[PDB]
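Single chain ahead, written as structure tokens, the form deposited in one PDB entry.
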């Protein structure tokens, strides 16, 4: 790349061979979990300016170029965000160049030539959706530009929009890239952004997929928002196969069980959003099995215990694998009475090919034999949580199955639901 903006040591740096200078304002926040996760507020002092080396300033009718980054965009909460396009990444000087801008439910790429001809490619996402892949979740952006053909915008490696640009003439962009919310009327607006890159070519579909995969951190489990999953952090649970239900407990102890039951609440602000509630049901807390590692990030193949919170008390997710049948119904046990019940969970973030997939939880007995992935099964018209090796086998012979994929949802200020 010709620009690779990364946090190292105690500063943002360009890791490219150009080592372009970076000026940060006083109100830029870096997430302590991973300081590559940059937070920009709607404040004049919340800005990053890259001073491009002269050699890489864009001034051409013919040179191809691309950009990639990940972004997490908080839910739009009120009418003040309608019909308010605001720049976030600015490389326009003297009315020519490129920029990334946001609006209500949009990510916009703009090219402007030196006669002020414009082309825009746009990603549109709805806030009128039960459970969104995009609202307040880290998503991978890629924009490519071939001066003889098309601009293209990709989301998570998938082509979303393309437009011809061969009618544009000379584009003379800024020698500065300004990361800053410019013209945003929502005082509480922020963005989170990571892994910004600029490339002096049109990336192809394979390069885009490979960049998406390589930047996915796939040896690390992720929460619903795309942040690293953590130990000792309460999470509300979502089963991806039956997303309108939430987890509940039918009594503590081995003679009770955990189950999925309908129906998520409705969150609404008239004409702004209409979503399923996410802060529902029995919270789970992931506990370390292994001694000796201070780190609170949950990694692929980590062994864990799962604690369940019921009326502000913790219990242990567990089962007696001796019960009849392949599907082992899970219970919330008193921790002092866990005895030799099966409770160790292997956490999984990636497939046999090292590609990220949704969180799976493989229950093992105390000898480390698989009891199976945690999902659910219907007994007596109730969707009880289970561990079942049937899931493991289906994955092993198909590489795909349904019911044993989960999301962990912590409270996040980009979502705004009241718990």
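For the two forms, the rigid core is made up of the largest set of C-alpha atoms that agree within 1.5 Å on superposition. Positions refer to the first chain, counted from 1.
This next part talks about the form deposited in another entry, which is not shown.
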Can you tell me which of these residues, 186, 200, 210, 334, is the one whose C-alpha shifts by at least 2 angstroms between this form and the one not shown after a rigid core fit? 334
After a rigid core superposition, would you say the CA of residue 353 moves by 2 angstroms or more between this form and the one not shown, or not? yes
Once the two forms are fit on the core, has residue 283 moved its CA by at least 2 Å between this form and the one not shown? yes
Answer yes if the Cα of residue 35 shifts by 2 angstroms or more between this form and the one not shown on a rigid-core superposition, and no otherwise. no
So the CA-CA distance for residue 355 and residue 152 moves by at least 3 angstroms in that other deposited form. Closer or farther than here? closer
Taking the shown form as the reference, report whether the CA atoms of residue 355 and residue 347 lie closer or farther apart in that other deposited form; the distance changes by 3 angstroms or more. farther
